[PDB]
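Structure first, then comments.
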Amino acid sequence: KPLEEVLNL
Amino acid sequence: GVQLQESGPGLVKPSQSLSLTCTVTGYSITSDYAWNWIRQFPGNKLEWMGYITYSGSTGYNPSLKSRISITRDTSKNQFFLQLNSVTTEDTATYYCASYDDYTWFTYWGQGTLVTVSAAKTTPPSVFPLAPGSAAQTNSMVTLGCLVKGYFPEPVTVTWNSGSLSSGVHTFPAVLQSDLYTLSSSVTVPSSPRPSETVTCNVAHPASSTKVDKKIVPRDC
Amino acid sequence: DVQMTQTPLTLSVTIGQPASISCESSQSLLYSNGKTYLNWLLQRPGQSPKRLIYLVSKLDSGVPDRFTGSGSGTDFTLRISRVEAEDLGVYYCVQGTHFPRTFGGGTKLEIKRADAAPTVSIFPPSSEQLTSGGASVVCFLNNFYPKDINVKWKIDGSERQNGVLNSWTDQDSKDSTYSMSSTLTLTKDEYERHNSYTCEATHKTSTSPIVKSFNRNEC
């Protein structure tokens, strides 16, 4: 899963 | 200095576990972003290894999940890489980098060379390359320095400690058997050498070796 | 594991001319959230990769107007309007929508310039090495272009030899020329038998090779 999601979850 | 820094052994015997450190300066490794580990193999081939998010979460490259591990020390603001059961195939340049793929924040370190080999560390032999006759009353004159049979890489070479930068070429080291040979040439106008001193400074981190070799004439 | 393919493998551009690089991914890099995580990196000789473009087309800070990125789905294009000397290096393409993140095989960009003849320099062994029981003859071929060059060693006549280490340097960002070092390693007894040591370089800048040698009878 992309960092943009990983970092904001 | 800078922003990101890799530190660690430059040589690791096969079968043992590699351990690298990335000291982060200028930003808190707990604030935001993903702090990764990338390695470059001899061929320009890049491979992302894994990351650890500002929250402690980790992600690993499946091709490595079994023997990889990433940790951090939020007090000293640094993160580590532990690669177990290394082999000579694990030889490569290791970089630590920070980015999130969607905002402006992106920083790579300078990287460290990590070679995996059973070979033993050995100091480099430095020999002066003085022109054999050539020309004294000539526009330029090229000198040289030969750094024979050392291991492992890298070696650093500078002339007069940094004074001379133009006309300087340091050639990529070539490995033969289990030793490295590298040379470096410098072109200086006939005015300076053989008059003024031209010294060749080479250093071998892995063996804590450092030597200055002065380029002395002979001509004839 | 998603492959990223870049073309060409090498690119030779004249300064001022435009250049474009292509990147193909095995799968669409479009993410369900609408964005497509594709980035461009430049690795200059002796330095670590530097990101130039992110999110297919957003330029990172400190990056010149000259670089433009575009594409979608599976095909992406990096384009440079006007190539500069400082633009030499290797360009990587990298995706971040699929796990694990993957890189392209890179595209080397070399500045094309006028042909240049090399400056040849030969060096007999140093007494210092000789005592060590060995002897190396070193020949430097500096600042030439193109990179194509052939060197031959000849001991006592055309008797060529094989046991020589060659090393090329990346293209200098200063004058766009290359440099090569050729080292002949012989044992001291072997070295003291023969008399003439010849370094012969052939380059397209001439029909007759550039020759540099010495006989064992000097200092």
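Structure data summary
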read-out	value
Table column - 3J(HN,Hα) (Hz), segment C:202-212, Karplus curve with 6.51, -1.76, 1.60, x for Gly and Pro	10, 9, 6, 6, 5, 7, 7, x, 7, 10, 9
³J(HN,Hα), Karplus 6.51/-1.76/1.60, whole Hz, each residue of segment B:177-190, x for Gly, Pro	6, 7, 9, 10, 10, 9, 9, 8, 10, 9, 10, 10, x, 3
Exercise: per-residue mean of other protein chain Cβ atoms within 10 Å, C:125-133	4
For residue C:17, residues with placed amide H under 5 Å, excluding near neighbours	C:83
In nm, spacing of pseudo-spin labels at residue C:26 and residue B:87 (7 Å Cα→C-beta vector)	2.1
Neighbouring partner chain Cβ atoms per residue of B:93-104, average, 10 Å criterion	5
10 Å Cβ neighbours from other chains, averaged over peptide C:93-101	6
The protein assembly as shown - Kirkwood radius from inverse mean 1/r over Cα pairs (Å)	24.3
Computed [θ] at 222 nm, deg cm²/dmol, chain C (DSSP H ≥ 4; -39,500 (n - 2.57); rounded to nearest 500)	-500 deg cm²/dmol
Sequence-distant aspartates and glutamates (8 or more away, or on other chains) whose Cα lies within less than 19 Å of residue B:120	B:89, B:90, B:153, B:178
Total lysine pairs under 17 Å (Cα atoms) in chain C, excluding pairs fewer than 8 apart on one chain	13
Radius 15 Å from Cβ of residue B:214, net charge of other residues (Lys, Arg +1; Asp, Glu -1)	+1
Computed label-point distance, nm, for sites residue C:175 and residue B:219 using a 7 Å Cα→Cβ extension	2.5
Charge sum, other residues only, whose C-beta stays under 10 Å from residue C:218's C-beta, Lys/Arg counted +1 and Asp/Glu -1	+1
Rel. contact order, % - alpha carbon contacts under 8 angstrom, at least six apart, chain C	18
Difference of contour (0.36 nm per residue) and Cα-Cα distance, residue C:162 to residue C:9	52.0 nm
Packing rank of C:112-119, B:142-149, C:47-54, where each peptide gets the mean count of other beta carbons within 10 Å, highest leading	B:142-149, C:47-54, C:112-119
Taking B:122, C:198, C:7 and counting other C-beta atoms within 10 Å, the order from fewest to most	C:7, B:122, C:198
Tensor-based shape of segment B:1-133 (alpha-carbon gyration tensor, a/c under 1.5 rounded, otherwise prolate or oblate)	prolate
Per-q log10 I(q)/I(0), segment B:105-181, q = 0.22 Å⁻¹ (Debye; single scatterer per alpha-carbon; no solvent)	-1.13
Neighbourhood charge, 9 Å Cβ-Cβ cut-off, centred on residue B:80 and excluding it, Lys, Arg +1 and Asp, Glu -1	0
Cα gyration tensor, segment C:133-196 - rounded (a/c under 1.5), prolate or oblate	prolate
Part-to-part distance (alpha-carbon centres) for segment C:162-217 and segment B:177-198, which is given in Å	16
Relative contact order of segment C:114-219, pairs being alpha-carbon contacts under 8 Å that are 6 or more residues apart, as %	31
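Readers should treat all values here as calculations from the given coordinates under stated rules, not as data from a laboratory. Note: ideal-geometry Cβ built from the backbone for every residue, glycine included; neighbour counts use all protein chains shown.
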